[PDB]
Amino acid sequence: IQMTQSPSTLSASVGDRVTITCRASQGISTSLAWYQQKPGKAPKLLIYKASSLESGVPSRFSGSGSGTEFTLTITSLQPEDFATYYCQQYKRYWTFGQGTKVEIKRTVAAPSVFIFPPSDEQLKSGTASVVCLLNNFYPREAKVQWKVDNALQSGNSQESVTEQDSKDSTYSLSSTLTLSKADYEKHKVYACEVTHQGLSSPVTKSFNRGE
C-alpha cells in the first residue's frame, strides 16, 4: 500500500481555498489520516478516518473521500498554514504520501545568473566543478541547462534550492557541473542557460576556459 499526493508543491495567498489530493493503491475505505509538518518540527495530526477532525485543529481544515481517492481542504489559508502536508493509510502497517508543500505566492521575479569557473586549487587534484548561481527568483521552477562547446550536458550536474526567503519570498538555486580535469581541458566554452517564467528569453552566462 503506497500513497500518491497531488500536487507536490503549490503557491497560495492568505485567504485562499487550497486543495490537496491523495490516491491510495488498493482500497483503504476510510482508514486515512492527514498530517502537517513544518521544517525541523514534529508532524501534527489534522484529520483521521478521512473526515474526522482531531481536537484542537482549526475548523478550516476538512477531509473527504473514501476508497482510494481523498481530499484535504483548507479554507481561508492562514500564515501559519504554509507547511508540508502528508496523507497516510493505516489499513496495513502505516504508509505516507510524498508530501505537499504549500508555499507563499508572490509576483514573478526573474533570476540573476552568475557562473563560476573551477578553481586552480581544485584542478590541481584532477576534478573540475563549474557552478552556476540563480539568485532571488520566483516562482521556484527554474531550468538550468549546461552546455560545453554547445553540446547539451545531462547526468553530470546536481542542483539544490534554498527555502523561500524570510523577507521577499524568493528562491535561489545552485547547480554544480562536475567533469574530470582531463575532460575539462578538452573543451573551451562553458555555459549555463537559464529558463524561467520571469525571462522573456533564456539567459546564458558563459566563459572560455582560460580567463
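For every residue, the number given is its place in the sequence shown, counted from 1.
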Entry B factor averaged over C-alpha atoms, 130 to 138 against 68 to 76: higher for 68 to 76
For 29 to 37 versus 151 to 159, entry-based mean Cα B-factors point to 29 to 37
Tertile call for residue 13 (CA temperature factor, within chain, third-based) is the middle
In terms of its chain's C-alpha B-factors, the third that includes residue 94 is the highest
Among the modelled residues of its chain, the C-alpha B-factor of residue 144 falls in the third labelled lowest
Here the Cα B-factor of residue 199, set against its chain, lands in the third termed middle
For residue 47, the third of its chain by CA B-factor is the lowest
